[PDB]
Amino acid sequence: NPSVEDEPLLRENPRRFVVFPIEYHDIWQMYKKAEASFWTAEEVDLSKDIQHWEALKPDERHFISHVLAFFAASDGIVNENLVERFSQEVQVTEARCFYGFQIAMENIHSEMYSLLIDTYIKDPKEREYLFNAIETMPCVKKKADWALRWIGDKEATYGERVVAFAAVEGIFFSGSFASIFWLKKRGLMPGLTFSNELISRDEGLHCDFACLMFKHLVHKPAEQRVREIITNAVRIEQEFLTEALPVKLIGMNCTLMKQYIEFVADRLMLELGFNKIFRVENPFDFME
């Protein structure tokens, strides 16, 4: 804790913790955006996806079940970090409100994903396999540990940690979000694609907020440091979608998927105030 007192975002200068005397309208506006986007899992009708999961092909279910499992855990990893870290560190009221809402929405996301799994896998045995993917699946573990490491890293500053999770919510979900949107295009799994639209939207907002926090940070990682955290996330995600769980299992081109991950990484870099790293176009017309 060196020059932390000079951080408007972290400095212990509240001695207020009131609300309306809003100091940061940009942060508050983000929070209001999130509030108005509130939804509950009960709002997604799954009373019809059981049949769709049947018409599906063996390779497809394999891909989906694995993607869902990866989601059933990730949402939790993010949530823990927000609870025992970010929401603790940040002393700015507006930010605390946004983080408080993000937490609630992440739990709704968790519930949504568990609800999906239960609907498709009625066998309580396979259910446990997917629910404990963090330990039952090595592929999902490489990513789980990556994010988990940023939670227990007592050295990494808030600046590095905020970029790492922006990468988790942005790069680690990008491939899966794109895979689901692809299915929607193919007219498959209405329940899965509908919830995916609400979730992807929330993650996009959570990512934009992360970048906004980064900007309110005075002493933050150097550009090179940011490029490597983001780049490590891109490689991890690409390997996951081209080796561990090839998008070919659902009729997607591995190469195009690789390009999309780089595209998403570049947008994140721009939102953080830096230049692009890969300089590639968005290969998917249904993701713009």
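In case it trips you up, residue 1 is the first one in the sequence shown, and so on. Take the two forms, find the largest set of C-alpha atoms that superpose within 1.5 Å, and that set is the rigid core.
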query: RMS Cα shift after core superposition in 4 other deposited structures of this protein, winner of 72 to 80 and 98 to 106; finding: 72 to 80
query: Larger mean CA deviation from the shown form in 4 other deposited structures of this protein [core fit; 122 to 130 vs 170 to 178]; finding: 122 to 130
query: Mean Cα B-factor comparison, 51 to 59 or 233 to 241, giving the higher one as deposited; finding: 51 to 59
query: Which of 117 to 125 and 192 to 200 has higher mean CA B factor, as the PDB entry lists it; finding: 117 to 125
query: Top residue by Cα temperature factor, when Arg85, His109, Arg96, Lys154 are compared in the entry; finding: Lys154
query: Criterion, highest CA B-factor; candidates, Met213, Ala72, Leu183, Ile171; finding: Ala72
query: Cα B factor band for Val280 (lowest, middle or highest third within the chain); finding: middle
query: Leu268 CA temperature factor, ranked by third within the chain; finding: lowest
query: B-factor third for the C-alpha atom of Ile27 within its chain; finding: lowest
query: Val44 CA temperature factor, ranked by third within the chain; finding: middle
query: CA B-factor ranking of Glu160, expressed as a third of its chain; finding: lowest
